[PDB]
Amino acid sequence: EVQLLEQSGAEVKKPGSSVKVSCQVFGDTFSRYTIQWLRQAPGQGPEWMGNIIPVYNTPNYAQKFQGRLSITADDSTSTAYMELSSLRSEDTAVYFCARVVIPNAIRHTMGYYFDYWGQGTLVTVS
């Protein structure tokens, strides 16, 4: 459904602090259920962080970030937000918001592919 995801600038952060990454979605139709968060550590491949699940309309986070990740979305401004707390030096990565590809069939524990991605936001932890 042709979109454009624009992310907030690069942050340099001190360990034990928190970072809030934003993601402005332009074009088509905003869905809080389609924009998900991932991260890419240097030399590593992308890693899924979280999303807002439909029906329940509740944010859901990967085990790793559970307790210190907060995902929200503002349907009025068509902006998705992410907040990672108690920053560790291992949280040094480029943070991505990405939109999902809708599967022909969603089954037990199946996931999504991602067609559009934001430019990424480098978060560097001291």
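All residue numbers refer to positions in the sequence shown, first residue = 1.
Averaged over their C-alpha atoms, the temperature factors of 42-50 and 25-33 are higher for 25-33. Mean C-alpha B-factor is higher over 11-19 than over the other stretch, the pair under comparison being 112-120 and 11-19. Residue-level inspection of the entry shows that, of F65, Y56, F96, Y81, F65 has the top Cα B-factor. In the deposited entry, the Cα temperature factor of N60 places it in the middle third of its chain's modelled residues.
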